[PDB]
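Structure first, then comments.
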Amino acid sequence: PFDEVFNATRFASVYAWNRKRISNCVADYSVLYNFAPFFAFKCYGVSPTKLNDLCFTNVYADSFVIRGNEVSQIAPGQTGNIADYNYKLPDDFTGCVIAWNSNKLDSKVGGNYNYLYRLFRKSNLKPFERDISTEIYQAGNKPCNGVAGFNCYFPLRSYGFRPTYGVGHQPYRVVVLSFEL
Amino acid sequence: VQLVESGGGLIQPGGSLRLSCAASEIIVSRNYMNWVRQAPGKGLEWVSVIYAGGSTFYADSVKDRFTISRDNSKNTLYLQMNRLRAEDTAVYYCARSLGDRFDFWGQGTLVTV
Amino acid sequence: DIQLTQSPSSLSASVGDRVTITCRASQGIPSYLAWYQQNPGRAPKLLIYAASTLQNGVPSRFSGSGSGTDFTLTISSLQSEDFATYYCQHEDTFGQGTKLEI
């Protein structure tokens, strides 16, 4: 039950990353190597070769899209916009992370404004926590009742992927697998 | 709206000092706060930044020698600078970064070494 | 490590002329570029952001354009109060700076 995650025709935004539960079906991990090449393939707490011989209770697959340079933030103990306000991993994370370039699938001349991320928030994010709010962010107690202006900003920003950007700013598709023991 | 810096002065070479940027009409614990510096006769140089979530970042050339913090009750920001060099002599500015913009700037304070 | 270079390092013009300034990046970047003004002995003042958006309170005569690796700031008409230093900034990188004269 991996093809629908890796070969999905559309991927979710990072601020609303998709989660899929997997349980009750045998999984051949070798199939992952068939979707070559992977820009990053890093596992914490498990040997990639020995996964076929471990029977975990359940698995979770989280999928989203990010910039290339931000890919390093998907790891325990890291910090930044993605790590703080969009997607947090536990310090004792046990699972794998796969990321591959998608410049040919998620880049348009008009600029893909479909693919947003959260800029500012009043507090950090807990591990595997989500937040899909869209109320105006506030700086100063002069209330913003839903009117943009000074200190009243909508807290989402667009990636605006385009074909000509450098590798650092080009889109990357990310899938994170977590196992339950 | 105000962002006023205080603390700069003549400090001995390698001395330790603390610069306090006091705010008004903005809340330090809510925005992205930045310390920038300008050396006389040269362009601006970004020094350090702190997010509203508590994360901090510094330039690689001055890391482990500076420390950025705040006091939320007093809506103040603080930069502890240790082992100051004449190369650290400059006017330091307290800026609010709003996405990819430094919309609000302070008058800054002079640190001589 | 993306670098920003401004040009010309200095130019002189009379009152009422049209002025153009260029900021060029070492390699192609999105249009996340801002232009700031600074008078001697004063804190820098934001002028433009996104390379085309004018900040509130900025006079309408300032304009900006460009993309890819080259961006430009234009002043249609000068004035006695238009002579100062200008900087182009992207993320955490500031330009070398530019000067204007009467």
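Residue numbering restarts at 1 in every chain; chains get A, B, ... in the order shown in the structure tokens, and ligands count up from 1 in that same order.
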
Just want the 8 Å neighbourhood of residue A:137, counted on only C-alpha atoms, with same-chain residues fewer than 5 positions away dropped. Output as a compact mmCIF listing (two decimals) with N, CA and C atoms, in the first residue's frame.
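part_7.txt was written with the following content:
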# COMPACT_ATOMS: atom_id res chain seq x y z
N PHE A 120 4.72 32.97 10.55
CA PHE A 120 4.91 33.29 11.95
C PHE A 120 3.77 32.71 12.78
N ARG A 121 4.11 32.34 14.02
CA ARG A 121 3.15 31.81 14.98
C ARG A 121 3.64 32.15 16.38
N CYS A 144 -6.87 42.88 15.62
CA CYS A 144 -7.13 42.67 14.20
C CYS A 144 -8.33 41.74 14.12
N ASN A 151 0.64 45.31 11.37
CA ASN A 151 0.57 44.31 12.43
C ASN A 151 -0.63 43.38 12.29
N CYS A 152 -1.23 43.30 11.11
CA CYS A 152 -2.37 42.42 10.86
C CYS A 152 -2.10 41.72 9.53
N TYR A 153 -1.47 40.54 9.58
CA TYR A 153 -1.05 39.83 8.39
C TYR A 153 -1.64 38.42 8.39
N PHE A 154 -2.02 37.95 7.20
CA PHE A 154 -2.41 36.56 7.04
C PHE A 154 -1.16 35.69 7.06
N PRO A 155 -1.07 34.68 7.93
CA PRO A 155 0.22 34.07 8.25
C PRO A 155 0.73 33.04 7.25

- Would you list the contacts of residue C:94 as a PyMOL selection string, taking every protein, DNA or RNA residue within 12 Å and counting only C-alpha atoms, but skipping same-chain residues closer than 5 positions in sequence? (chain B and resi 36-38+42-47+101-102) or (chain C and resi 2-6+23-25+33-36+86-89)

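Using only C-alpha atoms, the part of chain A that sits within 10 Å of chain C is made up of residues 149, 150, 159, 160, 161, 162, 164, 165, 166, 168 and 169 of chain A.
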
Selection file, N, CA, C and O atoms, as an mmCIF file, in the first residue's frame:
data_model
loop_
_atom_site.group_PDB
_atom_site.id
_atom_site.type_symbol
_atom_site.label_atom_id
_atom_site.label_comp_id
_atom_site.auth_asym_id
_atom_site.auth_seq_id
_atom_site.Cartn_x
_atom_site.Cartn_y
_atom_site.Cartn_z
ATOM 1 N N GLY A 149 -3.225 44.874 7.331
ATOM 2 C CA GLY A 149 -2.606 46.185 7.373
ATOM 3 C C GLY A 149 -1.323 46.187 8.176
ATOM 4 O O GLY A 149 -0.461 45.326 7.980
ATOM 5 N N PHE A 150 -1.179 47.152 9.080
ATOM 6 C CA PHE A 150 -0.029 47.177 9.976
ATOM 7 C C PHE A 150 -0.272 46.259 11.165
ATOM 8 O O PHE A 150 -1.264 46.409 11.886
ATOM 9 N N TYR A 159 5.040 29.439 -2.062
ATOM 10 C CA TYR A 159 6.361 29.061 -2.547
ATOM 11 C C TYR A 159 6.638 29.642 -3.929
ATOM 12 O O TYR A 159 7.757 30.087 -4.201
ATOM 13 N N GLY A 160 5.638 29.643 -4.806
ATOM 14 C CA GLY A 160 5.799 30.204 -6.135
ATOM 15 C C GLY A 160 6.852 29.490 -6.955
ATOM 16 O O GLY A 160 7.705 30.133 -7.576
ATOM 17 N N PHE A 161 6.806 28.162 -6.959
ATOM 18 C CA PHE A 161 7.802 27.385 -7.684
ATOM 19 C C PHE A 161 7.739 27.689 -9.174
ATOM 20 O O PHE A 161 6.659 27.807 -9.758
ATOM 21 N N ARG A 162 8.906 27.816 -9.789
ATOM 22 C CA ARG A 162 9.020 28.063 -11.217
ATOM 23 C C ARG A 162 10.173 27.242 -11.764
ATOM 24 O O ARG A 162 11.092 26.879 -11.020
ATOM 25 N N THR A 164 12.769 27.849 -13.570
ATOM 26 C CA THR A 164 14.089 28.441 -13.737
ATOM 27 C C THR A 164 14.828 28.665 -12.425
ATOM 28 O O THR A 164 15.998 29.053 -12.454
ATOM 29 N N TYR A 165 14.188 28.435 -11.283
ATOM 30 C CA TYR A 165 14.848 28.680 -10.011
ATOM 31 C C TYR A 165 16.007 27.710 -9.812
ATOM 32 O O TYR A 165 16.083 26.648 -10.434
ATOM 33 N N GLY A 166 16.925 28.094 -8.934
ATOM 34 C CA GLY A 166 18.055 27.248 -8.624
ATOM 35 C C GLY A 166 17.645 26.030 -7.819
ATOM 36 O O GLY A 166 16.539 25.928 -7.288
ATOM 37 N N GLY A 168 18.427 25.113 -4.969
ATOM 38 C CA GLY A 168 18.070 25.404 -3.593
ATOM 39 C C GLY A 168 16.607 25.758 -3.417
ATOM 40 O O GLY A 168 15.997 25.399 -2.406
ATOM 41 N N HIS A 169 16.025 26.461 -4.388
ATOM 42 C CA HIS A 169 14.639 26.902 -4.314
ATOM 43 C C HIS A 169 13.684 26.026 -5.110
ATOM 44 O O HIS A 169 12.499 26.362 -5.209
#

Set out as a tab-separated table a contact list for chain B and chain A with a cut-off of 10 Å, giving each residue of chain B that qualifies its closest atom pair and distance in Å to one decimal, counting only C-alpha atoms, ordered by chain and rising residue number.
residue	atom	partner	partner_atom	distance
B:24	CA	A:140	CA	9.3
B:25	CA	A:140	CA	6.3
B:26	CA	A:140	CA	5.4
B:27	CA	A:140	CA	5.8
B:28	CA	A:139	CA	8.8
B:29	CA	A:122	CA	7.8
B:30	CA	A:122	CA	5.9
B:31	CA	A:139	CA	6.9
B:32	CA	A:120	CA	8.3
B:51	CA	A:120	CA	8.4
B:52	CA	A:122	CA	6.1
B:53	CA	A:123	CA	4.9
B:54	CA	A:124	CA	8.0
B:55	CA	A:79	CA	7.0
B:56	CA	A:79	CA	8.9
B:57	CA	A:80	CA	9.4
B:98	CA	A:120	CA	9.2
B:99	CA	A:119	CA	7.3

Select from chain B every residue with an atom at most 6 Å from any atom of chain C, then for each give the shortest pair of atoms and their distance in Å to one decimal, using only C-alpha atoms, rows by chain and rising number, as CSV.
residue,atom,partner,partner_atom,distance
B:43,CA,C:96,CA,5.7
B:100,CA,C:91,CA,6.0
B:103,CA,C:46,CA,6.0
B:107,CA,C:43,CA,5.3

Please produce a file of those selected residues containing N, CA and C atoms, as a CSV table (one decimal), in the first residue's frame.
chain,number,residue,atom,x,y,z
B,43,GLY,N,29.1,49.1,4.5
B,43,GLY,CA,27.7,48.8,4.4
B,43,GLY,C,27.2,48.0,5.6
B,100,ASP,N,10.5,39.1,4.6
B,100,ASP,CA,11.8,39.4,4.0
B,100,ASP,C,12.0,40.9,3.9
B,103,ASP,N,11.1,46.3,8.1
B,103,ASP,CA,10.2,47.5,8.0
B,103,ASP,C,10.5,48.5,9.1
B,107,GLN,N,17.1,53.7,16.1
B,107,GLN,CA,18.2,54.7,15.8
B,107,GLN,C,19.6,54.0,16.0

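You will find atom CA of residue A:26 at 19.9 Å from atom CA of residue A:43.
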